[PDB]
Each structure stands twice: as C-alpha cells, then as structure tokens.
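Visitor: start.pdb is reproduced below (PDB, N, CA and C atoms).
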```
ATOM      1  N   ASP T   2     -29.603 -42.376  -1.415  1.00  0.00           N
ATOM      2  CA  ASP T   2     -28.930 -43.404  -1.967  1.00  0.00           C
ATOM      3  C   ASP T   2     -28.901 -43.470  -3.486  1.00  0.00           C
ATOM      4  N   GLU T   3     -29.156 -42.342  -4.313  1.00  0.00           N
ATOM      5  CA  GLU T   3     -28.564 -42.610  -5.605  1.00  0.00           C
ATOM      6  C   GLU T   3     -27.057 -42.588  -5.632  1.00  0.00           C
ATOM      7  N   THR T   4     -26.483 -43.741  -5.903  1.00  0.00           N
ATOM      8  CA  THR T   4     -25.079 -43.960  -5.637  1.00  0.00           C
ATOM      9  C   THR T   4     -24.238 -42.928  -6.303  1.00  0.00           C
ATOM     10  N   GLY T   5     -23.542 -42.151  -5.509  1.00  0.00           N
ATOM     11  CA  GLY T   5     -22.630 -41.160  -6.038  1.00  0.00           C
ATOM     12  C   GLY T   5     -23.284 -39.880  -6.479  1.00  0.00           C
ATOM     13  N   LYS T   6     -24.608 -39.805  -6.401  1.00  0.00           N
ATOM     14  CA  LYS T   6     -25.317 -38.608  -6.901  1.00  0.00           C
ATOM     15  C   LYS T   6     -25.090 -37.384  -6.056  1.00  0.00           C
ATOM     16  N   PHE T   7     -24.972 -37.558  -4.742  1.00  0.00           N
ATOM     17  CA  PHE T   7     -25.044 -36.445  -3.785  1.00  0.00           C
ATOM     18  C   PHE T   7     -23.857 -36.393  -2.903  1.00  0.00           C
ATOM     19  N   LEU T   8     -23.558 -35.175  -2.448  1.00  0.00           N
ATOM     20  CA  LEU T   8     -22.504 -34.951  -1.431  1.00  0.00           C
ATOM     21  C   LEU T   8     -23.144 -34.753  -0.093  1.00  0.00           C
ATOM     22  N   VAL T   9     -22.480 -35.218   0.949  1.00  0.00           N
ATOM     23  CA  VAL T   9     -22.963 -34.840   2.312  1.00  0.00           C
ATOM     24  C   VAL T   9     -21.795 -34.248   3.102  1.00  0.00           C
ATOM     25  N   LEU T  10     -22.134 -33.436   4.098  1.00  0.00           N
ATOM     26  CA  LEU T  10     -21.169 -32.790   4.968  1.00  0.00           C
ATOM     27  C   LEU T  10     -21.083 -33.493   6.303  1.00  0.00           C
ATOM     28  N   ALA T  11     -19.860 -33.793   6.734  1.00  0.00           N
ATOM     29  CA  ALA T  11     -19.606 -34.302   8.063  1.00  0.00           C
ATOM     30  C   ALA T  11     -19.842 -33.181   9.096  1.00  0.00           C
ATOM     31  N   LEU T  12     -20.764 -33.386  10.010  1.00  0.00           N
ATOM     32  CA  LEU T  12     -21.083 -32.420  11.033  1.00  0.00           C
ATOM     33  C   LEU T  12     -20.314 -32.631  12.300  1.00  0.00           C
ATOM     34  N   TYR T  13     -19.769 -33.845  12.480  1.00  0.00           N
ATOM     35  CA  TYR T  13     -18.925 -34.233  13.620  1.00  0.00           C
ATOM     36  C   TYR T  13     -17.767 -35.074  13.159  1.00  0.00           C
ATOM     37  N   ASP T  14     -16.715 -35.169  13.947  1.00  0.00           N
ATOM     38  CA  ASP T  14     -15.720 -36.236  13.706  1.00  0.00           C
ATOM     39  C   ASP T  14     -16.341 -37.587  14.007  1.00  0.00           C
ATOM     40  N   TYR T  15     -15.957 -38.634  13.313  1.00  0.00           N
ATOM     41  CA  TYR T  15     -16.453 -39.952  13.708  1.00  0.00           C
ATOM     42  C   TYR T  15     -15.336 -40.959  13.444  1.00  0.00           C
ATOM     43  N   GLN T  16     -14.921 -41.766  14.442  1.00  0.00           N
ATOM     44  CA  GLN T  16     -13.839 -42.738  14.288  1.00  0.00           C
ATOM     45  C   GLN T  16     -14.508 -44.083  14.114  1.00  0.00           C
ATOM     46  N   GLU T  17     -14.129 -44.776  13.031  1.00  0.00           N
ATOM     47  CA  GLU T  17     -14.659 -46.108  12.749  1.00  0.00           C
ATOM     48  C   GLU T  17     -14.413 -47.040  13.930  1.00  0.00           C
ATOM     49  N   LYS T  18     -15.451 -47.834  14.245  1.00  0.00           N
ATOM     50  CA  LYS T  18     -15.458 -48.747  15.422  1.00  0.00           C
ATOM     51  C   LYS T  18     -15.768 -50.163  15.041  1.00  0.00           C
ATOM     52  N   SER T  19     -16.018 -50.422  13.783  1.00  0.00           N
ATOM     53  CA  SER T  19     -16.186 -51.784  13.329  1.00  0.00           C
ATOM     54  C   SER T  19     -15.684 -51.879  11.897  1.00  0.00           C
ATOM     55  N   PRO T  20     -15.587 -53.094  11.320  1.00  0.00           N
ATOM     56  CA  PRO T  20     -14.841 -53.111  10.026  1.00  0.00           C
ATOM     57  C   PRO T  20     -15.550 -52.514   8.743  1.00  0.00           C
ATOM     58  N   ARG T  21     -16.849 -52.405   8.831  1.00  0.00           N
ATOM     59  CA  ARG T  21     -17.636 -51.853   7.727  1.00  0.00           C
ATOM     60  C   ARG T  21     -17.822 -50.340   7.873  1.00  0.00           C
ATOM     61  N   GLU T  22     -17.285 -49.753   8.924  1.00  0.00           N
ATOM     62  CA  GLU T  22     -17.427 -48.309   9.143  1.00  0.00           C
ATOM     63  C   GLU T  22     -16.232 -47.597   8.527  1.00  0.00           C
ATOM     64  N   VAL T  23     -16.314 -46.279   8.450  1.00  0.00           N
ATOM     65  CA  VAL T  23     -15.237 -45.399   7.952  1.00  0.00           C
ATOM     66  C   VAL T  23     -15.130 -44.216   8.853  1.00  0.00           C
ATOM     67  N   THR T  24     -13.942 -43.635   8.895  1.00  0.00           N
ATOM     68  CA  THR T  24     -13.634 -42.454   9.711  1.00  0.00           C
ATOM     69  C   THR T  24     -13.823 -41.207   8.895  1.00  0.00           C
ATOM     70  N   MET T  25     -14.337 -40.180   9.542  1.00  0.00           N
ATOM     71  CA  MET T  25     -14.488 -38.890   8.882  1.00  0.00           C
ATOM     72  C   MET T  25     -14.124 -37.797   9.896  1.00  0.00           C
ATOM     73  N   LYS T  26     -13.744 -36.627   9.404  1.00  0.00           N
ATOM     74  CA  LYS T  26     -13.505 -35.470  10.228  1.00  0.00           C
ATOM     75  C   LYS T  26     -14.606 -34.423   9.903  1.00  0.00           C
ATOM     76  N   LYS T  27     -15.052 -33.692  10.945  1.00  0.00           N
ATOM     77  CA  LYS T  27     -16.021 -32.606  10.732  1.00  0.00           C
ATOM     78  C   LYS T  27     -15.555 -31.677   9.631  1.00  0.00           C
ATOM     79  N   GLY T  28     -16.456 -31.344   8.719  1.00  0.00           N
ATOM     80  CA  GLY T  28     -16.052 -30.522   7.584  1.00  0.00           C
ATOM     81  C   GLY T  28     -15.743 -31.258   6.354  1.00  0.00           C
ATOM     82  N   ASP T  29     -15.491 -32.585   6.479  1.00  0.00           N
ATOM     83  CA  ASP T  29     -15.243 -33.389   5.230  1.00  0.00           C
ATOM     84  C   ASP T  29     -16.484 -33.443   4.373  1.00  0.00           C
ATOM     85  N   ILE T  30     -16.242 -33.504   3.081  1.00  0.00           N
ATOM     86  CA  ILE T  30     -17.327 -33.623   2.061  1.00  0.00           C
ATOM     87  C   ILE T  30     -17.278 -35.055   1.551  1.00  0.00           C
ATOM     88  N   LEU T  31     -18.371 -35.776   1.832  1.00  0.00           N
ATOM     89  CA  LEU T  31     -18.391 -37.218   1.566  1.00  0.00           C
ATOM     90  C   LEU T  31     -19.313 -37.505   0.390  1.00  0.00           C
ATOM     91  N   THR T  32     -19.008 -38.512  -0.420  1.00  0.00           N
ATOM     92  CA  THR T  32     -19.963 -38.930  -1.462  1.00  0.00           C
ATOM     93  C   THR T  32     -20.949 -39.902  -0.848  1.00  0.00           C
ATOM     94  N   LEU T  33     -22.246 -39.680  -1.012  1.00  0.00           N
ATOM     95  CA  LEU T  33     -23.231 -40.611  -0.491  1.00  0.00           C
ATOM     96  C   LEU T  33     -23.379 -41.757  -1.423  1.00  0.00           C
ATOM     97  N   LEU T  34     -23.248 -42.963  -0.856  1.00  0.00           N
ATOM     98  CA  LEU T  34     -23.425 -44.264  -1.655  1.00  0.00           C
ATOM     99  C   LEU T  34     -24.752 -44.922  -1.394  1.00  0.00           C
ATOM    100  N   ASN T  35     -25.217 -44.966  -0.143  1.00  0.00           N
ATOM    101  CA  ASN T  35     -26.453 -45.716   0.186  1.00  0.00           C
ATOM    102  C   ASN T  35     -27.070 -45.154   1.434  1.00  0.00           C
ATOM    103  N   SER T  36     -28.238 -44.521   1.262  1.00  0.00           N
ATOM    104  CA  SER T  36     -28.965 -43.947   2.370  1.00  0.00           C
ATOM    105  C   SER T  36     -30.206 -44.752   2.814  1.00  0.00           C
ATOM    106  N   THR T  37     -30.242 -46.032   2.389  1.00  0.00           N
ATOM    107  CA  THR T  37     -31.468 -46.778   2.671  1.00  0.00           C
ATOM    108  C   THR T  37     -31.688 -47.114   4.155  1.00  0.00           C
ATOM    109  N   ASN T  38     -30.651 -47.185   4.978  1.00  0.00           N
ATOM    110  CA  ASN T  38     -30.863 -47.369   6.409  1.00  0.00           C
ATOM    111  C   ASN T  38     -31.074 -46.023   7.121  1.00  0.00           C
ATOM    112  N   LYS T  39     -31.976 -45.973   8.066  1.00  0.00           N
ATOM    113  CA  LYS T  39     -32.257 -44.728   8.812  1.00  0.00           C
ATOM    114  C   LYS T  39     -31.086 -44.269   9.701  1.00  0.00           C
ATOM    115  N   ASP T  40     -30.247 -45.226  10.152  1.00  0.00           N
ATOM    116  CA  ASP T  40     -29.245 -44.903  11.203  1.00  0.00           C
ATOM    117  C   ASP T  40     -27.829 -44.830  10.691  1.00  0.00           C
ATOM    118  N   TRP T  41     -27.528 -45.590   9.612  1.00  0.00           N
ATOM    119  CA  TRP T  41     -26.141 -45.712   9.094  1.00  0.00           C
ATOM    120  C   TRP T  41     -26.159 -45.485   7.588  1.00  0.00           C
ATOM    121  N   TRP T  42     -25.430 -44.493   7.109  1.00  0.00           N
ATOM    122  CA  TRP T  42     -25.328 -44.258   5.673  1.00  0.00           C
ATOM    123  C   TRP T  42     -23.980 -44.702   5.147  1.00  0.00           C
ATOM    124  N   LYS T  43     -23.977 -45.331   3.979  1.00  0.00           N
ATOM    125  CA  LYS T  43     -22.727 -45.716   3.353  1.00  0.00           C
ATOM    126  C   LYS T  43     -22.235 -44.512   2.536  1.00  0.00           C
ATOM    127  N   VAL T  44     -20.950 -44.141   2.784  1.00  0.00           N
ATOM    128  CA  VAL T  44     -20.310 -42.973   2.135  1.00  0.00           C
ATOM    129  C   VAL T  44     -18.910 -43.313   1.678  1.00  0.00           C
ATOM    130  N   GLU T  45     -18.403 -42.423   0.853  1.00  0.00           N
ATOM    131  CA  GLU T  45     -17.036 -42.459   0.417  1.00  0.00           C
ATOM    132  C   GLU T  45     -16.328 -41.241   0.962  1.00  0.00           C
ATOM    133  N   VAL T  46     -15.223 -41.543   1.701  1.00  0.00           N
ATOM    134  CA  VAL T  46     -14.403 -40.538   2.359  1.00  0.00           C
ATOM    135  C   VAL T  46     -13.015 -40.653   1.711  1.00  0.00           C
ATOM    136  N   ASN T  47     -12.607 -39.631   0.969  1.00  0.00           N
ATOM    137  CA  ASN T  47     -11.491 -39.700   0.012  1.00  0.00           C
ATOM    138  C   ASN T  47     -11.439 -41.027  -0.661  1.00  0.00           C
ATOM    139  N   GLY T  48     -12.504 -41.427  -1.232  1.00  0.00           N
ATOM    140  CA  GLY T  48     -12.450 -42.797  -1.737  1.00  0.00           C
ATOM    141  C   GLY T  48     -12.338 -44.118  -0.897  1.00  0.00           C
ATOM    142  N   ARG T  49     -12.091 -44.134   0.439  1.00  0.00           N
ATOM    143  CA  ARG T  49     -12.527 -45.203   1.273  1.00  0.00           C
ATOM    144  C   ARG T  49     -14.085 -45.237   1.420  1.00  0.00           C
ATOM    145  N   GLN T  50     -14.613 -46.442   1.421  1.00  0.00           N
ATOM    146  CA  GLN T  50     -16.084 -46.676   1.484  1.00  0.00           C
ATOM    147  C   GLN T  50     -16.398 -47.286   2.842  1.00  0.00           C
ATOM    148  N   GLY T  51     -17.503 -46.850   3.430  1.00  0.00           N
ATOM    149  CA  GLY T  51     -17.972 -47.457   4.643  1.00  0.00           C
ATOM    150  C   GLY T  51     -19.159 -46.770   5.205  1.00  0.00           C
ATOM    151  N   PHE T  52     -19.603 -47.239   6.339  1.00  0.00           N
ATOM    152  CA  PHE T  52     -20.797 -46.634   7.041  1.00  0.00           C
ATOM    153  C   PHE T  52     -20.422 -45.629   8.129  1.00  0.00           C
ATOM    154  N   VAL T  53     -21.191 -44.588   8.195  1.00  0.00           N
ATOM    155  CA  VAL T  53     -21.077 -43.598   9.308  1.00  0.00           C
ATOM    156  C   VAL T  53     -22.502 -43.331   9.819  1.00  0.00           C
ATOM    157  N   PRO T  54     -22.693 -42.771  11.033  1.00  0.00           N
ATOM    158  CA  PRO T  54     -24.037 -42.484  11.482  1.00  0.00           C
ATOM    159  C   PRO T  54     -24.703 -41.386  10.677  1.00  0.00           C
ATOM    160  N   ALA T  55     -25.899 -41.700  10.171  1.00  0.00           N
ATOM    161  CA  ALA T  55     -26.671 -40.779   9.371  1.00  0.00           C
ATOM    162  C   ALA T  55     -26.871 -39.470  10.136  1.00  0.00           C
ATOM    163  N   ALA T  56     -27.012 -39.533  11.462  1.00  0.00           N
ATOM    164  CA  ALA T  56     -27.292 -38.288  12.176  1.00  0.00           C
ATOM    165  C   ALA T  56     -26.104 -37.300  12.179  1.00  0.00           C
ATOM    166  N   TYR T  57     -24.911 -37.773  11.725  1.00  0.00           N
ATOM    167  CA  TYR T  57     -23.709 -36.963  11.776  1.00  0.00           C
ATOM    168  C   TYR T  57     -23.375 -36.332  10.479  1.00  0.00           C
ATOM    169  N   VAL T  58     -24.232 -36.486   9.486  1.00  0.00           N
ATOM    170  CA  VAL T  58     -23.999 -35.855   8.174  1.00  0.00           C
ATOM    171  C   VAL T  58     -25.298 -35.182   7.722  1.00  0.00           C
ATOM    172  N   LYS T  59     -25.164 -34.247   6.799  1.00  0.00           N
ATOM    173  CA  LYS T  59     -26.343 -33.631   6.129  1.00  0.00           C
ATOM    174  C   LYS T  59     -26.061 -33.407   4.667  1.00  0.00           C
ATOM    175  N   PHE T  60     -27.109 -33.273   3.888  1.00  0.00           N
ATOM    176  CA  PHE T  60     -26.939 -32.754   2.512  1.00  0.00           C
ATOM    177  C   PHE T  60     -26.529 -31.321   2.567  1.00  0.00           C
ATOM    178  N   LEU T  61     -25.865 -30.905   1.470  1.00  0.00           N
ATOM    179  CA  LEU T  61     -25.501 -29.503   1.349  1.00  0.00           C
ATOM    180  C   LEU T  61     -26.704 -28.636   0.967  1.00  0.00           C
TER
END
```
Any chance you could put this one into structure tokens?
Guide:
Amino acid sequence: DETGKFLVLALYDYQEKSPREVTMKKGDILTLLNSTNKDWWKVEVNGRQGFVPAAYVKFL
C-alpha cells in the first residue's frame, strides 16, 4: 500500500460484483493503491479505482 508505488499483475480475470470493486483481465498491469486488507486490495485498472481479491494479483 504505498499508494501508486508498485505495479501488480492480474493472475485471473475478475468481474466486479459490488460497487467498490473493479474489473480486471488476466495479464493486466494494475497500480496498487492500498494493500492493508489481507483479502481485498485497492488498485487502479486503466485509471478506474476499486477493490479486487488480493489472491488474484501478485507483485512483479
């Protein structure tokens, strides 16, 4: 969670299911905004902001 410091890789597709979530496709390179929760990380996906499951992304 240093905001904007790090990139993460989408390891799976994920379709947003609630309003604070965001959609990503496997292979997308996301900006990490907030990693303080163990289960949901806040990311930027082409500049949309939202939460995706932490288990579906990794650092490069």
Visitor: Can you tell me how far atom CA of residue 29 of chain T sits from atom CA of residue 10 of chain T, in Å to one decimal?
Guide: 6.0 Å
Visitor: I want to know what sits within 8 Å of residue 26 of chain T, based on only N, CA and C atoms, with residues of the same chain fewer than 2 positions away left out; could you give that as a count of residues only?
Guide: 12
Visitor: For residue 20 of chain T, find every residue with an atom within 8 Å (counting all atoms listed in the file), except residues of its own chain fewer than 5 positions away, and show them as an MDAnalysis selection string.
Guide: chainID T and resid 50:52
Visitor: If you run DSSP on this backbone, which residues of chain T come out as strand (DSSP E or B), and could you give them as an NGL selection string?
Guide: :T and (8-11 or 15 or 22 or 25 or 30-35 or 41-46 or 49-54 or 58-60)
Visitor: So how far away is atom CA of residue 19 of chain T from atom CA of residue 3 of chain T, in Å?
Guide: 24.4 Å
Visitor: Applied to this file, what does the PyMOL selection byres (((chain T and resi 36-43 and name CA) around 7) and name CA) return in terms of residues, put as number ranges by chain?
Guide: T: 2, 33-35, 44, 50-56
